[PDB]
Structure formats: C-alpha cells, structure tokens
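Below you will find one chain, with nothing else, as structure tokens; this is the form deposited in one PDB entry, and questions on how it binds or moves follow later.
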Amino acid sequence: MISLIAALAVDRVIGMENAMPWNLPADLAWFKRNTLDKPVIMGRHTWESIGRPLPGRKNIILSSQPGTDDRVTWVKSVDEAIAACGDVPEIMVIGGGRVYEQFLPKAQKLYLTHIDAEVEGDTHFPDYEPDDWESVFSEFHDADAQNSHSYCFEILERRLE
C-alpha cells in the first residue's frame, strides 16, 4: 500500500529537511527505519535537495520534465510512479508538498513527526481530514542534547468504517 512520511513543524509547515529544525537526528533515524528496503517516491526539488539516491531502494522521481540522472527512475504521473514500484508490500512517499497532495487520496498510512517548533514557510502538509484517519501510534520525546526540540512520532491509518 502507499504511505506518506513527513516531518511537520507547527501549523503543518514542511520544508526541505536539510535546513533546520529538520536536522533532528531522532527523526532521521525514524525516517531511515521506516523507509529501509522500500521504494521511495519524491518530487524533483526533494530529489535536488538530497543530491544522491537513498541506498538499497528503488528511487522514483515524479516530474513533468525529462530526467537527468540514470541512478533513479523518472516518471510523469502518479500511476506510472506506483507501477514503477512493482509488487511490494509498502511504497513510501517522501516529499515534497505537491507530491504529498497528489498521493494523499491513494494513501492508507501516514508516518508524521510533529516537531515542537516554529518555522517560516508557505509549504504545508496536506490537510488530512481527522475523520478519515485513525491514529494508531504516537510516541512523545523531550528535547535532549542531540535533539533541540521536543517531537512526537505518529502513525495514522485510513478508515474504511
């Protein structure tokens, strides 16, 4: 199935997670653990922002313009992106805002890191309707030496009911 994974500051603000306060090592470990050996779908700015494929995974880039790197697979539509992942238990949509908004209707699971911090940005995570989603897990953590804000991991699952 299709899952969205994102780190959200207050007001559901997202930004390219090489800036701060998205340099939270705990979120980085959570991200790695939850995307390990799964194909990942991303947009072209996100691809530009990481500079090299995530290792040991099919990396798919969803963009209207022709590809410029043969270490990844380039596609033009959501359905081509999904077909490019093949028959796998879980596809991880990893950014950015426009890619999140195109895959939200097909997604069944959300892996959200709620970060207790304020950042300027126009880019918000899509507005998941509380009624369509059930929170199945959360785990709060204080700020510590490695992590400069408090943060909370959350997993939600789309309701049939």
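Basically, rigid core = biggest C-alpha set you can superpose within 1.5 Å across the two forms. Quick note: we count residues from 1 along the sequence shown, nothing fancier. Only residues modelled in both forms are compared.
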property: Selected stretch [higher average CA B-factor]: 128-136 or 105-113; result: 128-136
property: 147-155 versus 18-26 - which carries the larger mean C-alpha B factor in the record; result: 18-26
property: Cα B factor band for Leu160 (lowest, middle or highest third within the chain); result: highest
property: Ranked C-alpha temperature factor of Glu80 among modelled chain residues, by third; result: lowest
property: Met1 - Cα temperature factor, lowest/middle/highest third of chain; result: highest
property: Third of the chain, ranked by Cα B-factor, where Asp122 sits; result: highest
property: Third of the chain, ranked by Cα B-factor, where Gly43 sits; result: lowest
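Omitted from view is the form deposited in another entry, to which the following refers.
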| query | finding |
| --- | --- |
| Post core alignment: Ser138 C-alpha displaced by 2 Å or more between this form and the one not shown | no |
| C-alpha of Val10 moved at least 2 Å between this form and the one not shown on rigid core | no |
| Flag for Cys152, CA shift 2 Å or larger between this form and the one not shown after aligning core | no |
| Closer or farther in that other deposited form, the Cα atoms of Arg44 and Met20, when the shift from this form is 3 Å or more | closer |
| Sequence-ordered runs, three or more residues, C-alpha shift 2 Å or more between this form and the one not shown, rigid core | 16-23 |
